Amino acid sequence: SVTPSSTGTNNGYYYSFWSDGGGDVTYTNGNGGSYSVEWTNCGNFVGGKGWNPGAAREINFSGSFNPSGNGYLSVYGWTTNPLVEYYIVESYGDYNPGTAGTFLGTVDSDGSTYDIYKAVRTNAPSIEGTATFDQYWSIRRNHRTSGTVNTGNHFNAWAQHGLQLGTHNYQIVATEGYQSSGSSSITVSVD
């Protein structure tokens, strides 16, 4: 059983929780900017708290992230026109999600080098429904579960590689799992 997919406002933050119904997933909004997820042999889910619309901002995040298998903790968001799904992956489990993309280079931000990848998702779920769209990745080499992400540094580095962003839609500190188990308990803020 899974928490039903849902979106909106909670304690002044935006949140989104989405799953494909697979396995067992329990998403729980907490006070302020906090949320938790526990999951067992999920399908695919993505959930967390943040803002709508996103921006070039410094996002503070802290908490726990305990993937057993493939899961990510990322600044995660969308733009439109063009439609782009982007990830600034601060921690992952046993799978580096850049495997699926093309390596374009690196960016240094907030105390670590990141590896940058572009992937193409063909007829995949999106905030505009089933669609084909680019995916931008910045994957932190020095995994962590607390600190500050300067999203503008990533937007900058992606643009240096010819990767254009559209108009910002939502932007959250997302826990994501794919065919894995685990848990997270995360708090978000911006100064």
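Residue numbers run from 1 along the displayed sequence.
When the two stretches 62-70 and 154-162 are set side by side, the higher mean Cα temperature factor goes to 62-70. Taking only CA atoms, the mean B-factor in the PDB entry is higher for 128-136 than for the other of 128-136 and 44-52. Ranking 113, 96, 91, 79 by the C-alpha B-factor listed in the PDB entry places 96 at the top. In the deposited entry, the Cα temperature factor of residue 170 places it in the lowest third of its chain's modelled residues. The deposited CA B-factor of residue 16 belongs to the lowest third of values across its chain. Sort the modelled residues of the chain by CA B factor and residue 57 lands in the highest third. Residue 100: CA B factor lies in the highest third for its chain, per the PDB record. In the PDB entry, residue 26 places in the middle third of its chain by CA B-factor.
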